[PDB]
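Step one of this worksheet: look at the structure below.
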Amino acid sequence: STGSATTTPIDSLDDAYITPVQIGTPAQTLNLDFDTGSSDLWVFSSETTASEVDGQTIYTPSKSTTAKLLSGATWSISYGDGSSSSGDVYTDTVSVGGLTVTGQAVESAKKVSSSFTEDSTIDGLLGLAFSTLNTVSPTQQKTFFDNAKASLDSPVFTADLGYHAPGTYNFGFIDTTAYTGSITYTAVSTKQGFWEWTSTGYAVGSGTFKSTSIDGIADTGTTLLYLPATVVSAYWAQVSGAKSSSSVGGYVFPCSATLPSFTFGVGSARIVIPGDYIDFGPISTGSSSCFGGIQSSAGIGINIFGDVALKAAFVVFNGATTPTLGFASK
């Protein structure tokens, strides 16, 4: 089997991407944030504290003839940005782009933190990291991909995120028309439960490439590119007037600037992030100070190849017995 679904930016800045997912019978379609940095499929629901729902579409398990309460199971997750959610668990039928999994754990939120409430466009998350990170207790549950894998034509999914435009998540096949040149594959460590890999270096604008190992994660659920402070300083030093602002929470730059590109290495290959991808717009409405899309990972504890990086590439998440990651230009 295969599946193919369009993923759409939630706003004009590509702050996140949403992908429609069918849950239950008859189908209830929710727009979920596909997140290769976590491993829980959780949704706003009829069980979510009412004051914490503000415009989201909810899953109502009582209206699904295939929903079954997973007795005694609870979940609770905290994300790298300080947000969180928790609740109980159903199994139900879940389909993405024509690919159907029966008996998928659908984690129903009883509580969500303010950032989730405040984002009316995101109805929940669909985790695509390794199932070892799944938070369901006392019996850990599998991700949608893990459940689908054996049925797929090939045990892979691909992320093709757009810049200020829709893109595509495919399951079970590699669309050879969706990228240019070749796909370069690179090793993955699953030791932390992530799609963790080592970039071979970077360049800033038209500058020379610096060969240096940068361990980090391919994370579709993180908006920005978080890299070591040395790398980030080298980038922003090429933008007149750019500075790190403790009050704002990272590097900002004059909105009048033209940003340089940023290149990262994948083996001997190179992925170029155009400068415009690194612009996240005014820090507040009407400001001439703009927020940067490349930020320091210092104090995160891990480097994160988030959407800023991934959207410059066609990315293969290869879930073979020994997983790997593939990157192509597009």
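We name chains A, B, ... following the order of the structure tokens; residues begin at 1 in each chain, and ligands are numbered from 1 as shown.
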(message) So that I can check the surroundings of stretch 295-297 of chain A, please list as a PyMOL selection string every protein, DNA and RNA residue that reaches within 6 Å of it, counting only C-alpha atoms and ignoring chain neighbours fewer than 5 positions away.
(response) chain A and resi 226-229+232+303
Selection above as a file: N, CA and C atoms, as a PDB file, in the first residue's frame:
ATOM      1  N   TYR A 226      18.020  25.092  14.364  1.00  0.00           N
ATOM      2  CA  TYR A 226      18.778  25.346  15.584  1.00  0.00           C
ATOM      3  C   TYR A 226      20.127  24.650  15.497  1.00  0.00           C
ATOM      4  N   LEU A 227      21.199  25.440  15.555  1.00  0.00           N
ATOM      5  CA  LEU A 227      22.563  24.952  15.327  1.00  0.00           C
ATOM      6  C   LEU A 227      23.509  25.507  16.391  1.00  0.00           C
ATOM      7  N   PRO A 228      24.739  24.977  16.461  1.00  0.00           N
ATOM      8  CA  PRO A 228      25.663  25.462  17.495  1.00  0.00           C
ATOM      9  C   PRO A 228      25.913  26.963  17.391  1.00  0.00           C
ATOM     10  N   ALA A 229      26.173  27.585  18.530  1.00  0.00           N
ATOM     11  CA  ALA A 229      26.332  29.025  18.590  1.00  0.00           C
ATOM     12  C   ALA A 229      27.406  29.564  17.653  1.00  0.00           C
ATOM     13  N   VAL A 232      25.849  29.696  14.120  1.00  0.00           N
ATOM     14  CA  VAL A 232      24.811  30.709  14.059  1.00  0.00           C
ATOM     15  C   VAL A 232      25.427  32.106  14.074  1.00  0.00           C
ATOM     16  N   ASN A 303      20.959  19.785  18.369  1.00  0.00           N
ATOM     17  CA  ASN A 303      20.745  20.568  17.168  1.00  0.00           C
ATOM     18  C   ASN A 303      19.516  20.054  16.443  1.00  0.00           C
TER      19      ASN A 303
END
(message) For the strand (DSSP E) assignment from backbone DSSP, which residues of stretch 21-109 of chain A qualify? Please present them as a ChimeraX atom specification.
(response) /A:21-23,28-35,41-43,68-78,84-96,99-109
Proximity of stretch 154-267 of chain A to stretch 98-106 of chain A: per-residue shortest pair, 12 Å limit, only C-alpha atoms, as JSON lines:
{"residue": "A:157", "atom": "CA", "partner": "A:99", "partner_atom": "CA", "distance": 11.7}
{"residue": "A:169", "atom": "CA", "partner": "A:99", "partner_atom": "CA", "distance": 11.5}
{"residue": "A:170", "atom": "CA", "partner": "A:99", "partner_atom": "CA", "distance": 9.7}
{"residue": "A:171", "atom": "CA", "partner": "A:99", "partner_atom": "CA", "distance": 7.8}
{"residue": "A:172", "atom": "CA", "partner": "A:99", "partner_atom": "CA", "distance": 9.2}
{"residue": "A:173", "atom": "CA", "partner": "A:99", "partner_atom": "CA", "distance": 11.9}
Mind running stretch 257-323 of chain A against stretch 29-47 of chain A at 12 Å and telling me each contacting residue's nearest atom pair with the distance in Å (one decimal), counting only C-alpha atoms, chain and number ascending, as a tab-separated table?
residue	atom	partner	partner_atom	distance
A:302	CA	A:37	CA	11.7
A:303	CA	A:37	CA	11.9
A:304	CA	A:37	CA	9.2
A:305	CA	A:37	CA	10.1
A:306	CA	A:37	CA	9.2
A:307	CA	A:35	CA	10.4
A:310	CA	A:36	CA	11.2
A:315	CA	A:36	CA	11.4
A:316	CA	A:36	CA	11.5
A:317	CA	A:36	CA	9.1
Residues from the last selection, N, CA and C atoms, saved as a PDB file, in the first residue's frame:
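Result written to result_5.pdb:
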ATOM      1  N   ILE A 302      20.389  19.820  21.895  1.00  0.00           N
ATOM      2  CA  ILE A 302      20.460  19.084  20.642  1.00  0.00           C
ATOM      3  C   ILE A 302      20.300  20.065  19.485  1.00  0.00           C
ATOM      4  N   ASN A 303      20.959  19.785  18.369  1.00  0.00           N
ATOM      5  CA  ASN A 303      20.745  20.568  17.168  1.00  0.00           C
ATOM      6  C   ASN A 303      19.516  20.054  16.443  1.00  0.00           C
ATOM      7  N   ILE A 304      18.763  20.965  15.838  1.00  0.00           N
ATOM      8  CA  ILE A 304      17.485  20.613  15.227  1.00  0.00           C
ATOM      9  C   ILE A 304      17.406  21.154  13.807  1.00  0.00           C
ATOM     10  N   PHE A 305      17.366  20.233  12.848  1.00  0.00           N
ATOM     11  CA  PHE A 305      17.074  20.551  11.463  1.00  0.00           C
ATOM     12  C   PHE A 305      15.557  20.584  11.316  1.00  0.00           C
ATOM     13  N   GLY A 306      14.975  21.734  11.655  1.00  0.00           N
ATOM     14  CA  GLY A 306      13.553  21.945  11.559  1.00  0.00           C
ATOM     15  C   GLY A 306      13.125  22.362  10.170  1.00  0.00           C
ATOM     16  N   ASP A 307      11.916  22.906  10.077  1.00  0.00           N
ATOM     17  CA  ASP A 307      11.303  23.154   8.781  1.00  0.00           C
ATOM     18  C   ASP A 307      12.134  24.071   7.878  1.00  0.00           C
ATOM     19  N   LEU A 310      14.472  21.592   6.369  1.00  0.00           N
ATOM     20  CA  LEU A 310      13.850  20.487   5.651  1.00  0.00           C
ATOM     21  C   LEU A 310      13.096  20.937   4.417  1.00  0.00           C
ATOM     22  N   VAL A 315      13.035  14.940   1.499  1.00  0.00           N
ATOM     23  CA  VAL A 315      13.613  14.181   2.606  1.00  0.00           C
ATOM     24  C   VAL A 315      12.962  12.814   2.730  1.00  0.00           C
ATOM     25  N   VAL A 316      13.799  11.782   2.698  1.00  0.00           N
ATOM     26  CA  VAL A 316      13.367  10.399   2.849  1.00  0.00           C
ATOM     27  C   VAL A 316      13.665   9.919   4.255  1.00  0.00           C
ATOM     28  N   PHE A 317      12.615   9.480   4.936  1.00  0.00           N
ATOM     29  CA  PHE A 317      12.718   8.833   6.235  1.00  0.00           C
ATOM     30  C   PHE A 317      12.608   7.334   5.976  1.00  0.00           C
TER      31      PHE A 317
END
(request) Could you give me the residues within stretch 113-310 of chain A that DSSP places in helix (DSSP H, G or I), as JSON, numbers by chain? (result) {"A": [114, 115, 116, 117, 118, 131, 132, 133, 144, 145, 146, 147, 148, 149, 150, 151, 229, 230, 231, 232, 233, 234, 235, 236, 275, 276, 277, 278, 307, 308, 309, 310]}
Dump of N, CA, C and O atoms for the selected residues, as a tab-separated table (two decimals), in the first residue's frame:
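Below is the file that was written, selection_20.tsv:
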chain	number	residue	atom	x	y	z
A	114	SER	N	-1.52	26.39	26.78
A	114	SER	CA	-2.07	27.57	26.15
A	114	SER	C	-1.66	27.71	24.69
A	114	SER	O	-2.46	28.17	23.86
A	115	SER	N	-0.43	27.33	24.34
A	115	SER	CA	0.00	27.51	22.96
A	115	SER	C	-0.82	26.66	22.01
A	115	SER	O	-1.03	27.05	20.87
A	116	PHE	N	-1.28	25.49	22.46
A	116	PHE	CA	-2.15	24.66	21.63
A	116	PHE	C	-3.53	25.29	21.49
A	116	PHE	O	-4.06	25.40	20.39
A	117	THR	N	-4.10	25.73	22.61
A	117	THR	CA	-5.40	26.41	22.59
A	117	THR	C	-5.40	27.58	21.63
A	117	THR	O	-6.35	27.79	20.87
A	118	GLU	N	-4.31	28.35	21.67
A	118	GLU	CA	-4.22	29.59	20.92
A	118	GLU	C	-4.00	29.39	19.42
A	118	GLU	O	-4.16	30.32	18.63
A	131	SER	N	8.92	4.73	17.91
A	131	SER	CA	7.88	4.43	18.89
A	131	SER	C	8.39	4.34	20.33
A	131	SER	O	7.61	4.41	21.27
A	132	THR	N	9.70	4.17	20.50
A	132	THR	CA	10.30	4.18	21.84
A	132	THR	C	10.05	5.48	22.61
A	132	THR	O	10.17	5.50	23.84
A	133	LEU	N	9.72	6.57	21.91
A	133	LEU	CA	9.38	7.84	22.58
A	133	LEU	C	7.90	7.98	22.93
A	133	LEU	O	7.51	8.94	23.59
A	144	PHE	N	1.79	5.77	13.82
A	144	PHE	CA	1.08	5.48	12.58
A	144	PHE	C	2.00	4.80	11.57
A	144	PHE	O	1.63	3.83	10.91
A	145	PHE	N	3.22	5.33	11.42
A	145	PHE	CA	4.18	4.77	10.47
A	145	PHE	C	4.60	3.36	10.87
A	145	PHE	O	4.63	2.46	10.04
A	146	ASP	N	4.88	3.16	12.15
A	146	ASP	CA	5.27	1.84	12.64
A	146	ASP	C	4.15	0.83	12.36
A	146	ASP	O	4.42	-0.28	11.92
A	147	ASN	N	2.90	1.21	12.61
A	147	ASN	CA	1.77	0.32	12.34
A	147	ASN	C	1.59	0.04	10.85
A	147	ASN	O	1.24	-1.07	10.48
A	148	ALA	N	1.83	1.04	10.00
A	148	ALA	CA	1.61	0.89	8.56
A	148	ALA	C	2.73	0.14	7.86
A	148	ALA	O	2.53	-0.39	6.77
A	149	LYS	N	3.90	0.13	8.48
A	149	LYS	CA	5.16	-0.18	7.79
A	149	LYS	C	5.17	-1.48	6.99
A	149	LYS	O	5.61	-1.52	5.83
A	150	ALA	N	4.70	-2.56	7.61
A	150	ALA	CA	4.77	-3.87	7.00
A	150	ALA	C	3.87	-3.96	5.77
A	150	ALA	O	4.12	-4.77	4.88
A	151	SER	N	2.84	-3.12	5.72
A	151	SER	CA	1.88	-3.12	4.62
A	151	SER	C	2.34	-2.24	3.47
A	151	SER	O	1.86	-2.38	2.35
A	229	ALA	N	26.17	27.59	18.53
A	229	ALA	CA	26.33	29.03	18.59
A	229	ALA	C	27.41	29.56	17.65
A	229	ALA	O	27.28	30.68	17.13
A	230	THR	N	28.47	28.79	17.46
A	230	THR	CA	29.55	29.19	16.57
A	230	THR	C	29.03	29.35	15.14
A	230	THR	O	29.33	30.33	14.46
A	231	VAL	N	28.25	28.37	14.69
A	231	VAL	CA	27.70	28.36	13.34
A	231	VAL	C	26.72	29.52	13.14
A	231	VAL	O	26.75	30.22	12.12
A	232	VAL	N	25.85	29.70	14.12
A	232	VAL	CA	24.81	30.71	14.06
A	232	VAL	C	25.43	32.11	14.07
A	232	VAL	O	24.99	32.99	13.33
A	233	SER	N	26.45	32.31	14.90
A	233	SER	CA	27.15	33.59	14.91
A	233	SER	C	27.78	33.89	13.54
A	233	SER	O	27.73	35.02	13.06
A	234	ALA	N	28.40	32.88	12.93
A	234	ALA	CA	29.00	33.05	11.62
A	234	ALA	C	27.97	33.45	10.57
A	234	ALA	O	28.26	34.25	9.67
A	235	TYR	N	26.77	32.88	10.64
A	235	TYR	CA	25.70	33.26	9.72
A	235	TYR	C	25.29	34.72	9.93
A	235	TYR	O	25.33	35.53	8.99
A	236	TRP	N	24.91	35.08	11.15
A	236	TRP	CA	24.34	36.41	11.37
A	236	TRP	C	25.36	37.53	11.27
A	236	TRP	O	25.00	38.69	11.02
A	275	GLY	N	18.11	32.54	1.31
A	275	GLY	CA	17.99	33.54	2.34
A	275	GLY	C	16.56	33.85	2.77
A	275	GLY	O	16.28	34.03	3.96
A	276	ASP	N	15.64	33.93	1.82
A	276	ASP	CA	14.27	34.28	2.16
A	276	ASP	C	13.63	33.26	3.11
A	276	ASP	O	12.70	33.61	3.84
A	277	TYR	N	14.10	32.01	3.10
A	277	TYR	CA	13.54	30.99	3.98
A	277	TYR	C	13.85	31.28	5.45
A	277	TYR	O	13.24	30.71	6.34
A	278	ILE	N	14.82	32.16	5.69
A	278	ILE	CA	15.35	32.43	7.02
A	278	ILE	C	14.67	33.69	7.63
A	278	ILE	O	14.93	34.05	8.77
A	307	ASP	N	11.92	22.91	10.08
A	307	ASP	CA	11.30	23.15	8.78
A	307	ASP	C	12.13	24.07	7.88
A	307	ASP	O	12.17	23.88	6.67
A	308	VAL	N	12.79	25.08	8.45
A	308	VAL	CA	13.65	25.97	7.67
A	308	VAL	C	14.65	25.19	6.82
A	308	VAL	O	14.87	25.52	5.66
A	309	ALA	N	15.25	24.16	7.40
A	309	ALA	CA	16.17	23.31	6.67
A	309	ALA	C	15.45	22.29	5.79
A	309	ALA	O	15.78	22.10	4.62
A	310	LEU	N	14.47	21.59	6.37
A	310	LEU	CA	13.85	20.49	5.65
A	310	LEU	C	13.10	20.94	4.42
A	310	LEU	O	13.06	20.21	3.42
(request) List the neighbours of stretch 237-246 of chain A out to 8 Å using only C-alpha atoms; skip same-chain residues closer than 2 positions along the sequence, and give me the result as a VMD selection string. (result) chain A and resid 204 233 to 235 248 to 254 257 to 260
(message) I need the residue nearest residue A:77 from this list: A:215, A:11, A:279, A:107. Use only C-alpha atoms for the distance.
(response)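 Ranking A:215, A:11, A:279, A:107 by distance to residue A:77, first place goes to A:107.
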(request) Please identify all polymer residues within 12 Å of stretch 174-177 of chain A, counting only C-alpha atoms, omitting same-chain residues fewer than 6 positions from it, and present them as a ChimeraX atom specification. (result) /A:2-4,152-160,168,183,314-318,326-330
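The gap separating atom CA of residue A:10 from atom CA of residue A:119 is 9.2 Å, in Å to one decimal.
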(request) For atom CA of residue A:57 and atom CA of residue A:122, quote the distance in Å rounded to one decimal. (result)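 Atom-to-atom, atom CA of residue A:57 to atom CA of residue A:122, that is 8.4 Å.
Proximity to residue A:121 was assessed for A:272, A:23, A:58, A:67 counting only C-alpha atoms; the smallest distance is recorded for A:58.
In terms of minimum interatomic distance to residue A:264, A:203 ranks closest within A:312, A:136, A:294, A:203, counting only C-alpha atoms.
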(message) Can you measure atom CA of residue A:139 to atom CA of residue A:216 for me? One decimal in Å is fine.
(response)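 So the two atoms, atom CA of residue A:139 and atom CA of residue A:216, lie 28.8 Å apart.
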